[PDB]
Amino acid sequence: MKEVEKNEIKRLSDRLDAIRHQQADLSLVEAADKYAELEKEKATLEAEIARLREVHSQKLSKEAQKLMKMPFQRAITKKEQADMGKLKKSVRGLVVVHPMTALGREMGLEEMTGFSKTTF
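Residues numbered from 1 in each chain as written, not as in the entry; some residues may be left out. Heavy atoms only, no water.

- Anyone opening this PDB entry will find it titled "Solution structure of sf3636, a two-domain unknown function protein from Shigella flexneri 2a, determined by joint refinement of NMR, residual dipolar couplings and small-angle X-ray scattering, NESG target SfR339/OCSP target sf3636".

1. What to know about the UniProt feature "coiled-coil region" (unreviewed entry) in the chain
- The UniProt entry lists residues 2-55 under the feature "coiled-coil region" (unreviewed entry), expressed in the numbering used here.
- Each end of residues 2-55 is marked by a C-alpha atom, and these two atoms are 23 Å apart; helix forms 80% of the span and strand 0%. (UniProt positions renumbered as here; feature names shortened; annotations may be inferred. Helix = DSSP H or I, 4+ residues; strand = E, 2+ residues; numbered from the N terminus.)

2. Observations concerning the environment of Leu103
- For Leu103, the position within the fold is in helix α6 (residues 102-106).
- Overall, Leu103 belongs to the partly exposed group, its relative accessible area being 47%.
- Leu103 sits 14 residues away from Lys89 along the chain, and the two C-alpha atoms are 23 Å apart. (Buried < 20%, exposed > 50% of the residue type's maximum accessible area, 1.4 Å probe, protein only.)

3. Observations regarding the side chain of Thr113
- In this fold, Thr113 is placed in strand β3 (residues 113-116).
- A polar atom in the side chain of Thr113 sits 3.0 Å from the backbone oxygen of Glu111.
- Filtering out sequence-adjacent residues up to four positions away, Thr113 remains in contact with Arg74, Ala75, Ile76, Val95, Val96 and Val97. (Polar contact = N/O pair within 3.5 Å; in protein donor to acceptor, adjacent residues only side chain to side chain. Contact = heavy atoms within 4.5 Å.)

Following this line, the structure appears as structure tokens:
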């Protein structure tokens, strides 16, 4: 489905990036005005996108936030790692997140993790 949502995060990023590079060219000495307002525009851009990303921190993501409040869960031993195929099917579709992947690096995971609504 793709959703195109990723294009929007790229957009607001390009906005702030262009602003701080614009303030790279602008010194606080030569632009004790233009640089200062751009600091304000920045300050509010942040405050906004962080008000948004506090909604999206308290509720980190949809899936993520529910993975955190899951009933039956763990980080999977090498024993059930070798048996991933019999592991995931018995649970009736388990949810498994890898540590070295970005999602696992960000949520803090140093081990292969699993999660479900069903026992395992």
